[PDB]
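Look below for two forms of one protein chain, each set out as structure tokens: first structure 1, then structure 2.
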Structure 1
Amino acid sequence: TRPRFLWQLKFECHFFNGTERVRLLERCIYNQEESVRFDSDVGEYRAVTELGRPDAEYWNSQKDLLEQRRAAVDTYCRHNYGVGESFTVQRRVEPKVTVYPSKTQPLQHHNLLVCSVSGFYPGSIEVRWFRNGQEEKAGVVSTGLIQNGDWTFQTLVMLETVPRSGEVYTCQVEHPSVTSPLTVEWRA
């Protein structure tokens, strides 16, 4: 199978605090090396590698091409940001929390208690563990945020314990989709 050649083009609008601040960044990428770009904060094209020089200078000539791209920030970024804000920006699916220990052991021997939080959207969430009411900040092993690719996230946050009789474990989840934190206990 012959050699491969890839050309890729990306216009990315980064919105800060809403629409009060937007930055267009147009990148041309050949292979794995980006060669040229337009960065709204700089007003013009810049070659990142030598192969992008011709264009950086060419396109930079076309004052009309330069005129628009600089307005793209409203004609394109804010516009499109406006065209789907209800289903993208405004989305909140609620987290589905579960607490189960891994490895069904008799009591008193080390166990890793798992708190799975799944199905939410946006990706921003906070999971804390508590032991009989007192927050347990140590021995907390997380998988970090996981994007499911279907517009929902998931993550697992584990607590290493050595459960004594009566120890009560709580997982408290906070997410923009909920007013008061979700919690979920587990008895020793």
Structure 2
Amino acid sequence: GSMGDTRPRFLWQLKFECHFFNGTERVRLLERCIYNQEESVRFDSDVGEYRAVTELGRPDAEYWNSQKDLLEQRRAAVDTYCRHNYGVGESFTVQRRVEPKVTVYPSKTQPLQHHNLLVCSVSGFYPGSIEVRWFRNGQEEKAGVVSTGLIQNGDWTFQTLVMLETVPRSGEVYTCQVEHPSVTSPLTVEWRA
């Protein structure tokens, strides 16, 4: 065991999820009650009443569905809760755009003789939607590309790293190109062979 106090634990979680499609043109509210790791009951605005998910949630669905004022408030919450909160934060969440910092360098490991392993690091950006590609002269490279995938840093930024094994030749230029919603022209950083 890696820590003490092994008494049994009991966990209760509530999640109220507001799902938005095309701005606020379509909104779905999903309320979920979860005991330990098991969802027991939910309110789905597309259904319009509480439903038990497991046997443990049946008494709650029955009780809550018998309260008319409760159901009316819940059915109106896509307006009074979801669309309201969407509006509160839109300018600094939905509209947040932070430009990536892009650097290129050769890896400290050069695992193959006569080859050059190049690294493109893309950091500090928001939102997560991004494309990071390598080009050789004017041609996009699709063999020997390795992407670490998208990493969320926990602080409203992301990073990613994309590596290319190359056989550099005279007159070749390698470019890391980044497409991201914060810029209207792609960012590019070149390594000259």
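By rigid core we mean the largest C-alpha set that fits within 1.5 Å across both forms. Structure 1's sequence is the ruler for residue numbers, which start at 1. Shifts are known only where both forms have a C-alpha.
For the set 112, 83, 71, 93, a Cα shift of at least 2 angstroms between the two structures, after rigid core superposition, holds for 112 and for no other residue. In the core-superposed comparison between the two structures, the C-alpha atom of residue 161 has shifted by at least 2 angstroms.
Aligning the rigid core between the two structures leaves the CA of residue 140 offset by 1.8 Å. Taking the core as reference, the Cα of residue 172 moves 0.6 angstrom between the two structures. Superposition on the rigid core leaves 103 to 112, 160 to 167 as the runs of at least three consecutive shared residues whose Cα positions differ by 2 Å or more between the two structures.
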